[PDB]
């Protein structure tokens, strides 16, 4: 069991060959972490360059969620990858990571119903269905979420196009690849769950239909940059801006074998504590995916180096993403390697970019 941790995490430092294109120097990923520190043009800053560069001992960094176009924005100062200036800013980031001997994927984002018009000139918020989430944008003054417009099939075609274009830009920006943000209640995840997807056309109703948008985005991006440079984060368990539905599991039962056919660089779980068991999944999120998907899997969520090592030793998943400890400890990898004390994460640390 994972709690029976041992006195060595050597396996975390195994070389891991993702595919013919990419080999990782270790199994430790920096999880994607929104920091809200990009400039007014949503361009990565030189402070962001330094922040990523100092974490290049990670086998692979997954960037903070990066928006594909303006109506994807739901939080302040989140970087994009749709303008030339943004591409240039990211190129500074990737160049610095590579110069430090690291690798980095961008996480491509559209927030769907979690966008807010304050950020993009009062335009329409888009989602599979006109189902508003509760509340307001965190850490902002009174920005109440709004009822989305249910996307038309023409909207959907444009969105697929824009995911694909962003992927092309990612290559110009010198990233090693893309992690498609299909998790945590955002646009792609919205198509995959019944709470948000009440459609009755070819994008709703059945597992095949509800999976259609995800697969169209994945296929369009592969067509642009190749399967070896394409990963996907998913959240089979509803927990963030998403109500649960007992019918969601069969959507993922369909999706996962379909994803296997695309021979992705990895599938990555989106969750905060993977020790949590989901009734509807019959156990933990990672164990559910591991039972329905037989290629590289990134685990995440409240793992220590020790419990991650044990999980990987027990074949529960292949790579470990580390989030909050990488905020608290820029030198996470070195400290783990040398058995040094790690600082515990505190939410207060988000005020600083170090």
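Positions refer to the first chain, counted from 1. Between two forms, the rigid core is defined as the largest C-alpha subset superposing within 1.5 Å.
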query: in 6 other deposited structures of this protein, superposed on the rigid core, which stretch sits farther off in Cα RMS terms, 139 to 147 or 198 to 206?
result: 139 to 147
- request: Give the stretch, out of 27 to 35 and 287 to 295, with the larger mean C-alpha temperature factor in the deposited entry.
  value: 287 to 295
- prompt: 316 to 324 versus 302 to 310: which one carries the higher mean Cα B factor per the record?
  reply: 302 to 310
- line: Residue set 123, 158, 112, 177, per-entry CA B-factor max assigned to 123
query: Lowest, middle or highest third of the chain for the C-alpha temperature factor of residue 203?
result: middle
task: Taking the chain's C-alpha temperature factors as the reference, tell me which third residue 242 falls into: lowest, middle or highest.
output: middle
- prompt: C-alpha B factor of residue 82, ranked within the chain: lowest, middle or highest third?
  reply: middle
message: When the deposited Cα B-factors of this chain's modelled residues are ordered and cut into thirds, is residue 76 in the lowest, the middle or the highest one?
response: middle
statement: Sorting the chain's modelled residues by C-alpha B-factor and splitting them into thirds places residue 117 in the middle
